[PDB]
Structure formats: C-alpha cells, structure tokens
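A.B. asks: okay, here's the opening piece of the assembly, coordinates as they are in the complex:
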Amino acid sequence: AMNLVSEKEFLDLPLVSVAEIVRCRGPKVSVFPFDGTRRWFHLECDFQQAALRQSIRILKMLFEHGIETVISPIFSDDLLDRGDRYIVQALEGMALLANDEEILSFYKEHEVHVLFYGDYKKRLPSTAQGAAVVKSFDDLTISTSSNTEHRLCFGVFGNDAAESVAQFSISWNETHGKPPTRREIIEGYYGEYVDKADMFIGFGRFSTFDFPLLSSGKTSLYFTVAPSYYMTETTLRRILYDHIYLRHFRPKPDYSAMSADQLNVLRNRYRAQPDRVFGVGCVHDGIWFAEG
C-alpha cells in the first residue's frame, strides 16, 4: 500500500500526502543544523531578521512534511570567538528564539514544543543578559509544553554530553537509589525522551555534530552542496525518499541464488572504479567542495 510509491510520484504528490507517508514510515527524528549562514549572507544581498526567516521557512518545511521532531544545532563551542560583540549578537539571536513574535506564532500555529539542550547553563556568561536567555529558554520550554504535534530541540553548546551524563547519573542515583535507564538519561539531557536520529542533513564537508545520544548506524547522512538555507522542496523529498525506500531496502540480497553473471556484473560496479571515494574534495577560494 505504501511501498509501491515511485520517486517520480513521490515528487509529484501533494504536501499533505507526503506528510501522511512520513508520519507512517518516518523519519521520526531529523537533525538539521543551520550551516553556511554567514556565507549565505554575502550571497543574494536584514541578517538576523533574514536568517530567522529562512530558519522558520526550513523548519516550517520539515514539519509540514510529517517530521515530528527536529534536532537543530545552532551554537557550537567555537562560539568563544572572544569578540564580545560576537557573543552579544549571539545571545541576541538566542533571545529571538524565545521572545520573537512570528516565531512564537509559528510554535502556536504548528503546535511546536521547544526544547534546549547543551552545556549552555554552565558555559553562558555569568552576566545579566546571559541569565535572561537561560530563563527565556526555561520559560519557552514550559510555555510550549502544551503543544504535542511537533517537537523542536535547539543545540546550544551540545557537542558532548559525557560529563553532563555523569553528573546527571550521580544525582539520579542519589535521589532514586539506582542508576537511570537509557531512556531516563536521554530525558535528562534533552528534557524529554527523543528517539535516535533517523537522518542528518548537513552541508559542505562530510561531518556530523551536536546531537549526543541520538546517533546510530541507522542515522542516514546527507550533505547538500549549498548551505542549509538554500534547500528546496525537491532536494528534501529526494532526501526523504532515499531514506524511506532506498537506505534500508528489502528483501535483502541472496547471492547463493543469483546467476554467475549478476554476481559478475555486480563485481564490476566496484572494480570498475577501484579508488572511488566520497568525501574527498577540492578548495576554491577557501571553500571546500566535495568531488564527484
């Protein structure tokens, strides 16, 4: 009923039809970090009110396609560029995610529950503004608590949770008398239970990041050439289709039942190009581009 869909049909289907398929076949959890943002700016040219827009646009796209939970890493530890202006403008962006007008409408409009994960509480400056963002985060997380249609997790310094898990477990054992389950551990870092990530949509260099405890061999990885904001309707559907129907294809192969020619034709697909590799690139104006 659902497995008979072709790529062509999938790409021609109405939005609400694709959503129903994703709701049933997944991906249930998708990691979409916002990359190539500054660059994106010195292209097509304000800014924060723009990046914000594109963020809302892409998030809107992802949720309207059936995806329930979107893990979106936004701030990395490399944040300490030392420029207080860089830090001040960063916290300003963090402020919009919880104080902005249209974005709050977005949450209410599409019933989205917002969560924040990372070592931001420990890392954020012990100043007025910084402490305000933390309260804003805590406030929002509870403000949208009533929304159950979609879930959004923002990564603020969420590179490695190891030490965080250690302290969480030590406290949990202290009050409970026994160690927490994996489920409980995940609820402690993300605030709520989240399933492993089904796919990671990156950009440029082949690399994943900022989604602790939610990675597995079953997390399909994708890397667009153009930065995140450049994503189109087509690109997404092709990514979804590959994940749902192609990644884990069934029935599995059966060599002991194939002709000597098929096995022969297959071996060629490999030995044809002996040194074929995906991930190696070339640089143009300081920007890395994947070859092939």
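C.D. replies: Looks like it came in fine. Numbers count the residues shown, from 1 in each chain, chains lettered A, B, ... in the order given.
A.B. asks: and residue A:184, what does it touch?
C.D. replies: Shown in contact with residue A:184 (Cβ atoms under 8 Å, 6 or more residues apart in numbering): residue A:172. C-betas here are computed from N, CA, C, even on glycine.
A.B. asks: for residue A:196, grab the count of nearby residues.
C.D. replies: 15 (other Cβ atoms under 10 Å).
A.B. asks: and if you look at residue A:195?
C.D. replies: Neighbourhood size, residue A:195 [other Cβ under 10 Å]: 14.
A.B. asks: got it, and residue A:291?
C.D. replies: Neighbour count for residue A:291, taken as other Cβ under 10 Å: 9.
A.B. asks: list the residues that contact it.
C.D. replies: Each residue near residue A:291 by Cβ under 8 Å, 6+ apart is listed here: A:280, A:281, A:282.
A.B. asks: distance check, residue A:246 against residue A:189.
C.D. replies: 31 Å (Cβ to Cβ, to the nearest Å).
A.B. asks: what about those two, which has more around it?
C.D. replies: Ranked by neighbour count (other Cβ under 10 Å), residue A:246 and residue A:189 place residue A:189 first, with 18 against 10.
A.B. asks: ok, back up a step: as TSV, the contacts of residue A:291 with neighbour count would be great.
C.D. replies: As requested, these are exported to TSV (neighbours: other Cβ atoms under 10 Å):
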residue	neighbour count
A:280	11
A:281	15
A:282	9
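A.B. asks: name the nearest of those relative to residue A:48.
C.D. replies: Looking at these and their distance to residue A:48, the nearest is residue A:281, at 30.4 Å (Cβ to Cβ).
A.B. asks: how close does that closest one sit to residue A:200?
C.D. replies: As judged by Cβ to Cβ, residue A:281 and residue A:200 stand 18 Å apart.
A.B. asks: check residue A:53 too.
C.D. replies: The value you get for residue A:53 to residue A:200, if Cβ to Cβ is used, is 23 Å.
A.B. asks: list the buried residues in stretch A:59-78.
C.D. replies: For stretch A:59-78, burial by neighbour count (16 or more other Cβ atoms under 10 Å) applies to A:59, A:61-63, A:65-76.
A.B. asks: repeat for stretch A:221-241
C.D. replies: Neighbour-count burial for stretch A:221-241 flags A:222-224, A:226-231, A:236-237, A:239-241 (criterion: 16+ other Cβ under 10 Å).
A.B. asks: ditto for stretch A:164-172
C.D. replies: A:164, A:165, A:168, A:172.
A.B. asks: TSV for these, including distance to residue A:274?
C.D. replies: Formatted as TSV, the buried residues of stretch A:164-172 follow (distance: Cβ to Cβ, whole Å):
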residue	distance to residue A:274
A:164	44
A:165	43
A:168	48
A:172	52
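A.B. asks: ok, now chain B:
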Amino acid sequence: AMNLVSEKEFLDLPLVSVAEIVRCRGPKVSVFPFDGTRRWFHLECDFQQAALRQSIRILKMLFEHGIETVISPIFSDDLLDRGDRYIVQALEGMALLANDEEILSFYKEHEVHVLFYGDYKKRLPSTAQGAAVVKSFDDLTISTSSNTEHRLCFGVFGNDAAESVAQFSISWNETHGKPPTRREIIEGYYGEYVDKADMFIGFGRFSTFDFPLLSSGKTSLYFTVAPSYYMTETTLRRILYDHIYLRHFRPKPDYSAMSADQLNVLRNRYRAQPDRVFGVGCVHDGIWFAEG
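C.D. replies: Let me put chain B in with the others:
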C-alpha cells in the same frame, strides 16, 4: 615546511615519508570499521583466515602510514541473528583476535596495544566459550600493555555507552567522592584515554557508528564505494591528504575583500546545481549505491 606538499607529491612519496607527515599533522585517531565483508567473500572466490588477513593488511596499512590509534568496530548489536552458529562463529572470530598466531606477531611486530570496548561483558552469553573470550580480551589488553607505538580498539557491541557511562560515574563518585572528568570517563569506556576521532572511513551508505564519546564536528567522514577490504594505497593517501590539507583549510575566507566577480563566480558554484545532494543513492540487486 610541511604545508607546501601537493597531492601529486604526496601520492608519490615513500611510505616512511608519509608516516612522518601523519605523525606530525595527524590523523591521530581514525575509525575504520570492517564493512562489506560477507559480500566481499562472494566476490573474488578460506573466509575467516581470509577476512583475518585483509583485516591485518588494512590495519598494517593504517599503522604504517603514521596513524597511532585505530578504532575498529567489528561486532554490532544486530549480532543476535539468533543463529547459534552465527553466534558461535562470531565468538570464533573474536577468539582469533586474541589467540591467533600471526595476529599476535602483528601486535609485537608493530608494537600494538589492543583494547576492547562495548557492552560485550553484559551482552555476551553466560556460557563457557563466551566467558573465555572475555578472559581472552582482558588477557590481551594487558599482554600488549607494554606496546606503546600503536593502539588498536575493537568495538564489540559498542553502539551506545550512555547506560555504561551512568554506572561508571555512579561507581567512580562512590569511591572517589566526586564526579569523573571527561578524560576519566573515556578511560573508563575504552580502558585508556583516546582523543576524539579525526576521521571515519566508511563504505556504501553514508552513516557512522560504534565509536562513542570520540565523535566531533571535526571528524572528517569518508565513504568508499567498494567495501573496506577493497581499499588500496591510493585511496588511503587521497583520504589522508584531503583531511590534512583540504578539510580545514587556512587562511579562512575574506568576503569583504574579494572582487564582485569572485563572489559572483562562487555563487554560481552553488546556484549552478540548485538541488545537488550527496548521500542519495540508487539500488542495484538489493545493494545501495551513492549517486553522483
């Protein structure tokens, strides 16, 4: 002195020359899981004595190229195919990694310290053979403890350490009085301290796995078309070169200092192919192949 090396020269350099470069520029830690093994068999055709060989060959290659630590996931939780023969032959393979002759020579020959990580102790069957492997693992880890030239970590059910970290931390706090440092936590899971992974060399489908606490945005990802054992001298060097010189290229870009044509030529590199994505593939005889 070291940054002036071209790809061509790098590919023509003697083995010992490449090693000296890797020893200095890295990668210090590389994750190389052995994929496409069964398939590989119904190709070019015994078995265990072969897979073993190729494993030793590739490991030999990696270490002779300057790489100090190789994280190699070998067994995944999907192991419970239920077939006791499948499990019995699996433990047989695990036995070779610690009882084999030539492989032990390999460790002594190239001064390699072997370590095992994963939830194998809890997951391995409470039987005679299984308990023997565990003792073999523990025995080997200490037998090669004197070797300090290279380090090898085998992943046996090392998909997620969360719960493991929880219990480790609860015990550590119990005996020490305070929570363990990230360093200490890593020493507890891998047995010894290991730096983040510098690169992951996979195969086929774009996906990473089985190297907990050692992943970061700086872990260069690579995906060969042919299975692991198919790797050649060329492929490796091209992967190393891309990582060392191309991945994190410097000096970083400067848009506010480029001509309006360069920025224009750059924008084309993206808008030229608007829906370009790496990770989407096609299936041929049940086997997924990356497009592009």
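A.B. asks: what about the buried residues of stretch A:164-172 again, now that chain B is present?
C.D. replies: A:164, A:165, A:166, A:168, A:169, A:170, A:172 (16 or more other Cβ atoms under 10 Å in any protein chain shown).
A.B. asks: near chain B, which residues of the stretch 1-150 of chain A show up?
C.D. replies: Applying Cβ under 8 Å from any Cβ of the partner chain, one finds that the stretch 1-150 of chain A approaches chain B through A:39, A:42, A:43, A:44, A:76.
A.B. asks: residue B:255 is in contact with the second one, correct?
C.D. replies: Yes. Shown here, residue A:42 and residue B:255 form a contact pair, counting by Cβ atoms under 8 Å, at 4.1 Å.
A.B. asks: what sits in contact with each of the two?
C.D. replies: residue B:263 (Cβ atoms under 8 Å, 6 or more residues apart in numbering or on different chains).
A.B. asks: quick check: residue A:114 is in a helix.
C.D. replies: No. Read with DSSP: H, G, I helix; E, B strand; the rest coil, residue A:114 is strand and lies in no helix.
A.B. asks: ok, how many other residues are close to it?
C.D. replies: 24 (other Cβ atoms under 10 Å in any protein chain shown).
A.B. asks: now swap in the one 10 residues further on and tell me
C.D. replies: Around residue A:124 sit 23 other residues, with neighbours defined as other Cβ under 10 Å.
A.B. asks: that one reaches residue A:133, doesn't it?
C.D. replies: Yes. In this structure, residue A:124 is within contact of residue A:133 by Cβ under 8 Å, at 6.7 Å.
A.B. asks: mind listing the shared neighbours of those two?
C.D. replies: Residues touching both residue A:124 and residue A:133 (Cβ under 8 Å, 6+ apart) are residue A:91.
A.B. asks: tell me where chain A has helices.
C.D. replies: A:7-12, A:15-25, A:37-41, A:48-64, A:84-99, A:102-109, A:120-123, A:128-143, A:162-176, A:182-190, A:233-241, A:262-271 (DSSP state H).
A.B. asks: could you say what helices and strands the last one packs with?
C.D. replies: So the one you mean is helix A:262-271. Using 3 or more Cβ pairs under 8 Å, 6 or more residues apart in numbering or on different chains; DSSP states H and E as the contact criterion, helix A:262-271 has no neighbours among helices and strands.
A.B. asks: other residues contacting it?
C.D. replies: A:255, B:42, B:43, B:44, B:225, B:226, B:227, B:230, B:284, B:285, B:287, B:289.
A.B. asks: neighbour-wise, which of those residues leads?
C.D. replies: residue B:226 (26 neighbours).
A.B. asks: residue A:130 reaches residue A:123, doesn't it?
C.D. replies: No. Look at residue A:130 against residue A:123 with Cβ under 8 Å: they stay out of range, at 9.4 Å.
A.B. asks: who's more crowded, those two?
C.D. replies: Counted by other Cβ under 10 Å, residue A:130 and residue A:123 do not tie: residue A:130 has more neighbours, with 18 against 14.
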